[PDB]
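Engineer: Structure below; questions to follow.
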Amino acid sequence: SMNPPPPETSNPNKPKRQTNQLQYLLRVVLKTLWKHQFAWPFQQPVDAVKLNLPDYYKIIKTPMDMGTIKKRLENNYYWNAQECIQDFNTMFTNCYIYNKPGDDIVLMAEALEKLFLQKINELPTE
Ligand SMILES: Cc1cc(/N=N/c2ccc(S(=O)(=O)Nc3ccccn3)cc2)c(N)c(C)c1O
């Protein structure tokens, strides 16, 4: 099986804006997670071909990753902070669906998610 195309990251038919929350999500949240020691599985779409995961895209229909999120932020793809937050949550959830408790990748997701949630608790005002 081929990989699916990656998620879209730019669309000139959507309106654009910068908000203080979206700024925080790129400059604080995304950049803090990106440099973490456990970021590496999450920095690009899951390459099911290269990683020998032939059922990955049979199970995961809404793939998401932080490379995609970073590009979406940088391209003003998101209008609402919640859309971005949702993408992070999808990314974690997919990892929990496909993998099992105690897998190394799950433990890495958990740690990154706890950090994510801490930072989201510190989002500034609308
Ligand atoms: C999200 C997710 C990601 C997964 N793998 N992601 C990977 C992402 C990148 C690599 S890498 O370029 O070899 N870089 C490495 C490999 C090992 C250690 C540090 N960096 C390997 C795997 C994976 N195998 C599953 C099952 C997942 O659910």
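Just so we're on the same page: first chain in the structure tokens is A, next is B, and so on; residues restart at 1 for each chain, and ligands are numbered from 1 in the order they show up.
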Which neighbours of region 44-48 of chain A fall inside 6 Å, counting only C-alpha atoms, when residues of the same chain fewer than 5 positions from it are skipped, and could you give them as a count of residues only?

Structural biologist: 3

Engineer: Each residue of chain A with at least one atom at most 12 Å from ligand 1 should appear once, together with its nearest atom pair and the corresponding distance in Å (one decimal); atoms considered: only C-alpha atoms and all ligand atoms; ordering: chain, then increasing residue number; output as a Markdown table.

Structural biologist:
```
| residue | atom | partner | partner_atom_place_in_ligand_line | distance |
| --- | --- | --- | --- | --- |
| A:36 | CA | ligand 1 | 19 (C) | 11.4 |
| A:37 | CA | ligand 1 | 19 (C) | 8.6 |
| A:38 | CA | ligand 1 | 19 (C) | 8.2 |
| A:39 | CA | ligand 1 | 20 (N) | 8.7 |
| A:40 | CA | ligand 1 | 20 (N) | 5.4 |
| A:41 | CA | ligand 1 | 6 (N) | 3.7 |
| A:42 | CA | ligand 1 | 1 (C) | 5.4 |
| A:43 | CA | ligand 1 | 8 (C) | 7.2 |
| A:44 | CA | ligand 1 | 8 (C) | 7.2 |
| A:45 | CA | ligand 1 | 1 (C) | 7.7 |
| A:46 | CA | ligand 1 | 3 (C) | 5.4 |
| A:47 | CA | ligand 1 | 6 (N) | 7.4 |
| A:48 | CA | ligand 1 | 24 (N) | 8.0 |
| A:49 | CA | ligand 1 | 24 (N) | 10.7 |
| A:50 | CA | ligand 1 | 22 (C) | 8.8 |
| A:51 | CA | ligand 1 | 24 (N) | 6.2 |
| A:52 | CA | ligand 1 | 24 (N) | 8.4 |
| A:53 | CA | ligand 1 | 26 (C) | 7.4 |
| A:54 | CA | ligand 1 | 26 (C) | 10.8 |
| A:55 | CA | ligand 1 | 26 (C) | 10.3 |
| A:56 | CA | ligand 1 | 26 (C) | 7.7 |
| A:57 | CA | ligand 1 | 28 (O) | 10.7 |
| A:59 | CA | ligand 1 | 28 (O) | 10.9 |
| A:60 | CA | ligand 1 | 28 (O) | 9.5 |
| A:63 | CA | ligand 1 | 1 (C) | 9.0 |
| A:64 | CA | ligand 1 | 1 (C) | 8.6 |
| A:65 | CA | ligand 1 | 1 (C) | 7.5 |
| A:66 | CA | ligand 1 | 1 (C) | 10.0 |
| A:67 | CA | ligand 1 | 8 (C) | 11.3 |
| A:88 | CA | ligand 1 | 1 (C) | 11.7 |
| A:90 | CA | ligand 1 | 1 (C) | 10.8 |
| A:91 | CA | ligand 1 | 1 (C) | 7.4 |
| A:92 | CA | ligand 1 | 1 (C) | 7.9 |
| A:93 | CA | ligand 1 | 28 (O) | 9.6 |
| A:94 | CA | ligand 1 | 28 (O) | 6.9 |
| A:95 | CA | ligand 1 | 28 (O) | 4.4 |
| A:96 | CA | ligand 1 | 28 (O) | 7.7 |
| A:97 | CA | ligand 1 | 28 (O) | 8.5 |
| A:98 | CA | ligand 1 | 28 (O) | 6.3 |
| A:99 | CA | ligand 1 | 26 (C) | 6.2 |
| A:100 | CA | ligand 1 | 26 (C) | 9.7 |
| A:103 | CA | ligand 1 | 26 (C) | 9.3 |
| A:104 | CA | ligand 1 | 26 (C) | 9.6 |
| A:105 | CA | ligand 1 | 27 (C) | 6.6 |
| A:106 | CA | ligand 1 | 28 (O) | 8.0 |
| A:107 | CA | ligand 1 | 28 (O) | 11.2 |
| A:108 | CA | ligand 1 | 1 (C) | 9.7 |
| A:109 | CA | ligand 1 | 1 (C) | 8.2 |
| A:110 | CA | ligand 1 | 1 (C) | 11.8 |
| A:112 | CA | ligand 1 | 1 (C) | 11.8 |
```

Engineer: Save the residues we just selected, N, CA and C atoms, as a compact mmCIF listing (two decimals), in the first residue's frame?

Structural biologist:
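Dumped to selection.txt:
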```txt
# COMPACT_ATOMS: atom_id res chain seq x y z
N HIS A 36 11.46 18.55 22.36
CA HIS A 36 11.49 17.53 23.42
C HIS A 36 12.16 16.25 22.90
N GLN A 37 12.78 15.53 23.83
CA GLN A 37 13.44 14.29 23.46
C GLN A 37 12.53 13.26 22.86
N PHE A 38 11.23 13.31 23.16
CA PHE A 38 10.29 12.32 22.63
C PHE A 38 9.48 12.88 21.45
N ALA A 39 9.92 13.98 20.84
CA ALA A 39 9.20 14.54 19.72
C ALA A 39 9.36 13.75 18.44
N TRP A 40 10.48 13.01 18.31
CA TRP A 40 10.83 12.54 17.00
C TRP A 40 9.77 11.65 16.29
N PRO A 41 9.02 10.79 17.00
CA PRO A 41 8.00 10.02 16.27
C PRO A 41 6.89 10.85 15.68
N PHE A 42 6.77 12.09 16.14
CA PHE A 42 5.61 12.93 15.90
C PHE A 42 5.87 14.12 15.03
N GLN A 43 7.05 14.23 14.47
CA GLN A 43 7.47 15.44 13.71
C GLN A 43 7.11 15.40 12.24
N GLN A 44 6.52 14.30 11.78
CA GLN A 44 6.13 14.16 10.37
C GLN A 44 5.02 13.10 10.32
N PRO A 45 4.26 13.07 9.19
CA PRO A 45 3.24 12.04 9.00
C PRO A 45 3.86 10.65 9.20
N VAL A 46 3.09 9.75 9.74
CA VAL A 46 3.50 8.35 9.83
C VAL A 46 3.73 7.79 8.44
N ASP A 47 4.94 7.37 8.17
CA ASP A 47 5.33 6.78 6.90
C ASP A 47 5.15 5.28 7.01
N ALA A 48 3.96 4.82 6.71
CA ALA A 48 3.63 3.44 6.88
C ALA A 48 4.42 2.55 5.98
N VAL A 49 4.82 3.06 4.83
CA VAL A 49 5.67 2.29 3.91
C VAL A 49 7.04 2.03 4.51
N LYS A 50 7.69 3.10 4.85
CA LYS A 50 9.05 3.02 5.39
C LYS A 50 9.08 2.29 6.71
N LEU A 51 8.07 2.39 7.56
CA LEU A 51 8.10 1.79 8.87
C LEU A 51 7.48 0.40 8.92
N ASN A 52 7.04 -0.12 7.80
CA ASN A 52 6.40 -1.42 7.72
C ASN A 52 5.21 -1.56 8.62
N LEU A 53 4.27 -0.63 8.37
CA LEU A 53 2.94 -0.56 9.03
C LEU A 53 1.74 -0.69 8.06
N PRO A 54 1.56 -1.86 7.41
CA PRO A 54 0.56 -1.92 6.33
C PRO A 54 -0.85 -1.71 6.80
N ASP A 55 -1.16 -1.95 8.10
CA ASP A 55 -2.52 -1.68 8.55
C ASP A 55 -2.72 -0.27 9.18
N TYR A 56 -1.66 0.50 9.30
CA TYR A 56 -1.77 1.80 9.97
C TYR A 56 -2.94 2.63 9.44
N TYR A 57 -3.03 2.79 8.12
CA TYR A 57 -4.06 3.60 7.49
C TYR A 57 -5.38 2.85 7.22
N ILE A 59 -6.50 1.50 10.02
CA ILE A 59 -7.03 1.77 11.39
C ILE A 59 -7.17 3.26 11.64
N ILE A 60 -6.21 4.05 11.16
CA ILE A 60 -6.16 5.49 11.39
C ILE A 60 -6.60 6.27 10.15
N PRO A 63 -5.17 10.86 10.23
CA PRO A 63 -3.77 11.05 10.66
C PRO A 63 -3.49 12.49 10.99
N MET A 64 -2.58 12.72 11.91
CA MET A 64 -2.12 14.06 12.22
C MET A 64 -0.78 13.97 12.89
N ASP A 65 0.04 15.00 12.77
CA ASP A 65 1.40 15.01 13.23
C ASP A 65 1.81 16.45 13.46
N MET A 66 2.92 16.67 14.18
CA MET A 66 3.31 18.01 14.48
C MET A 66 3.96 18.73 13.34
N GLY A 67 4.53 18.02 12.35
CA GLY A 67 5.02 18.72 11.15
C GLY A 67 3.85 19.39 10.44
N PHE A 88 -3.65 18.48 17.73
CA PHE A 88 -2.76 17.81 18.70
C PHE A 88 -3.45 16.61 19.34
N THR A 90 -5.94 14.78 18.21
CA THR A 90 -6.03 13.72 17.23
C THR A 90 -4.71 12.95 17.09
N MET A 91 -3.62 13.65 17.02
CA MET A 91 -2.31 13.06 16.89
C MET A 91 -2.05 12.09 18.03
N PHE A 92 -2.32 12.49 19.29
CA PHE A 92 -2.09 11.65 20.45
C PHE A 92 -3.06 10.47 20.38
N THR A 93 -4.33 10.76 20.09
CA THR A 93 -5.33 9.72 20.11
C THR A 93 -4.99 8.63 19.12
N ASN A 94 -4.55 8.98 17.91
CA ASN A 94 -4.20 8.01 16.92
C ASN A 94 -3.10 7.07 17.46
N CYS A 95 -2.14 7.63 18.16
CA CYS A 95 -1.07 6.82 18.72
C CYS A 95 -1.59 5.81 19.73
N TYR A 96 -2.53 6.22 20.59
CA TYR A 96 -3.17 5.35 21.57
C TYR A 96 -4.06 4.32 20.89
N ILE A 97 -4.74 4.64 19.80
CA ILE A 97 -5.58 3.66 19.13
C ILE A 97 -4.74 2.56 18.53
N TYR A 98 -3.66 2.90 17.83
CA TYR A 98 -2.92 1.96 17.02
C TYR A 98 -1.99 1.09 17.90
N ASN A 99 -1.40 1.68 18.90
CA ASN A 99 -0.40 1.06 19.80
C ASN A 99 -1.05 0.57 21.07
N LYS A 100 -0.28 -0.06 21.92
CA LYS A 100 -0.80 -0.69 23.13
C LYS A 100 -0.19 -0.11 24.34
N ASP A 103 3.76 0.20 25.27
CA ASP A 103 4.66 0.33 24.13
C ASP A 103 5.50 1.60 24.37
N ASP A 104 6.75 1.56 23.99
CA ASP A 104 7.56 2.74 24.08
C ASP A 104 6.92 4.01 23.48
N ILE A 105 6.34 3.87 22.28
CA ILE A 105 5.73 5.02 21.61
C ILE A 105 4.56 5.59 22.41
N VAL A 106 3.83 4.74 23.16
CA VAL A 106 2.74 5.19 23.95
C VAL A 106 3.19 5.99 25.15
N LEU A 107 4.25 5.48 25.78
CA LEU A 107 4.82 6.18 26.92
C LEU A 107 5.35 7.57 26.47
N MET A 108 5.98 7.63 25.29
CA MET A 108 6.45 8.92 24.72
C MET A 108 5.32 9.85 24.42
N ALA A 109 4.24 9.35 23.84
CA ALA A 109 3.04 10.16 23.63
C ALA A 109 2.47 10.69 24.91
N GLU A 110 2.38 9.83 25.93
CA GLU A 110 1.84 10.28 27.20
C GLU A 110 2.64 11.45 27.77
N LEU A 112 4.64 13.57 26.14
CA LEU A 112 4.45 14.77 25.35
C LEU A 112 3.04 15.36 25.58
```

Engineer: From the set A:1, A:18, A:23, A:10, which residue has the shortest atom-to-atom contact distance to residue 124 (chain A), counting only C-alpha atoms?

Structural biologist: A:23

Engineer: Taking only C-alpha atoms into account, name the residue in A:83, A:72, A:25, A:58 that is nearest to residue 119 (chain A).

Structural biologist: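 Once distances to residue 119 (chain A) are computed over only C-alpha atoms, the minimum belongs to A:25.
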
Engineer: Interatomic distance between CA of residue 62 (chain A) and CA of residue 87 (chain A)?

Structural biologist: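 Between CA of residue 62 (chain A) and CA of residue 87 (chain A) the gap is 9.4 Å.
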
Engineer: Work out how far apart CA of residue 77 (chain A) and CA of residue 29 (chain A) are and give it in Å to one decimal.

Structural biologist: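 Between these atoms lies a distance of 16.6 Å.
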
Engineer: Would you mind reading off the distance between CA of residue 102 (chain A) and CA of residue 32 (chain A), one decimal, in Å?

Structural biologist: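 Taking CA of residue 102 (chain A) as the start and CA of residue 32 (chain A) as the end point, the length is 24.4 Å.
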
Engineer: Do you know which residues are at most 9 Å from residue 81 (chain A) counting only C-alpha atoms, after dropping those on the same chain fewer than 5 positions away, and could you put them as a PyMOL selection string?

Structural biologist: chain A and resi 19+21-22+25+86
